[PDB]
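So this first bit is one chain, no partners, the form deposited in one PDB entry, shown in structure tokens.
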């Protein structure tokens, strides 16, 4: 319990300050460990409440300990800011913001589960902020009580967990920081049980056995970990796990640190009442009062807390190893600062100079009980902030030249953020964490306060600006459609970054910048904008139905009358030609002569075939054609309209599963009609032509084509590797890798492989890659559309079931009428 004066005095010696947080996978004990720290060293002031965002700890080290600190120290008192970090670990920017205001981290790892993805994710983000890590292998009690594990097994488990961790560190830590790996012998690894309240470092044991083995602890802690053995027979320390005779030697870690602990557990839990007093006496543990009566776990919990208080182990690593702001801001300055590295503000950050202009980073806005008011939480990197001080509030889009996001206003009050409470203070110098009241309106989320007109903004969060996340929206009650269509308009108008359009398959699509953005949009659309139950789902992907080769044999079909017959074959239309039709070089209404000259001279077509195209389809202009190759059919001219109409019908609804055809050419080889027009009416010939077309189609090695996106991704070099990793998992294909900004990888990504892509990409690039996608072209899947188990077939079977059609695709024989 300190007074505002004591706190302010503590905050002057930033050399003795430690800004850090606890990194842990859910359930690994992050909470009970901080409760332990708070109960042991928490600080409290000697009716407005807030959400606990940070806690202050106080610690004193012995004069000898302080000498061991490899960094500028002023006295034996230390102020530790334990900063709260979100629990969402998706490489989110909320987490990055929280870490940004810290310099060191206490990483919690489970004895049994070891390092899990969640752990790797926050640690990776932390390393990206040049944060120094220190580890605590937690839940050790489980291995002793539940699993009955042996000393060497426990050792091995510890060593493997430490290795897993230093793999992540060696991979993502900036080489400029040197070796930021963790070493038990150097005291950067603690072992214990946050629930039982005990933990230790090799250092503490070295201190305990140094003055006992007649050796300095520097020598002792190297010997208390890894391959160091003490042969009681020779009384010597060696690095060989066997003696001269070759007999097995027990590792020093097991023999001097684990065994005493193992013996305490075994004796106390088995009620060996004549073995416990001696063991406790030897370890110099003293039970007082009612404690002398405890037994079992109760006695154990109490004995271990006295023998190795947890908080003590943790505070030791924090003070001795985690960097102070002075130490850290020296190598973190440039990243933190967007401006010039030679800039006056950057230098003030490197020096953690309290007399320079203000450079205060706003980490986030915290909820208070002061009727809808949010206090700004952050860290003073340069200068000192004062109550009633005129400062310059610069949002995420501010630039020294423009007046965007700029907001000059006085800071109403500077408060200490102590748990759920606040404490008004007059000022706060560089190196400290602090809360600002009165910044609510001008800043929401991150920002940057300065007292210099030149001041550049501190590292801002990079956010997506492309509608890469999209879903299909539909009313649960058909009659509501009008409100939905209206709601989308209202939604679009209110949000610049939101996009809505109708898909090729007839679904309303709503797309957002990121998953979160899209979620707000859908919530607002459903609740306000449209105000009606909406149904959300992955947009249906549209496909095309084409042929890979000519009909293996003439297609023959007759009319209902059985009097008329059409003979035809289908063949592929070249992509360049389909494209030419789709894009305007070859047009439905152009003069057939000039068009045929182009198709023949420039595209390899036979000019007679070209001069004889009867129509394009579907809709009279699609990339499918009917060419007349008949020789002496008498009443040909009279059935033309029926044939054309049937084609518009056939190309609009393919026989594979009802999708439109594309790149399909149909050659009419011959037609036999009835002499009297009354048996050659459209009602007779339209079905014939459609039936024959479907047959020629199916006889031409049918295939479906899928939509393919052109995806453009901006990101930093070291992250590019994740891009290729994801793409390869999604039938992707790289197109171009260009560039002294970032990189930009361009690739083709099948549309049916893009649902959730944005998520898997941030996950594979540590949230550093930013996707952009636009429809590019159609691609023919080589697999059999009629084989329910091939890639194409699965897609066809899913669409058929979804539409209530029979599963089996009718084969060509179903449309062929034998002579």
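Residue numbers count along the first chain shown, from 1.
One more form of this protein, deposited in another entry, exists but is not displayed; see below.
Within the set 398, 461, 153, 31, 461 is the hinge position, where C-alpha fit passes from one rigid part to the other between the shown form and the other one. Between residue 763 and residue 161, the C-alpha separation grows by 3 Å or more in the other entry, relative to the conformation displayed.
Note: residue 498-residue 440 Cα separation is 3 Å or more shorter in the other entry than here.
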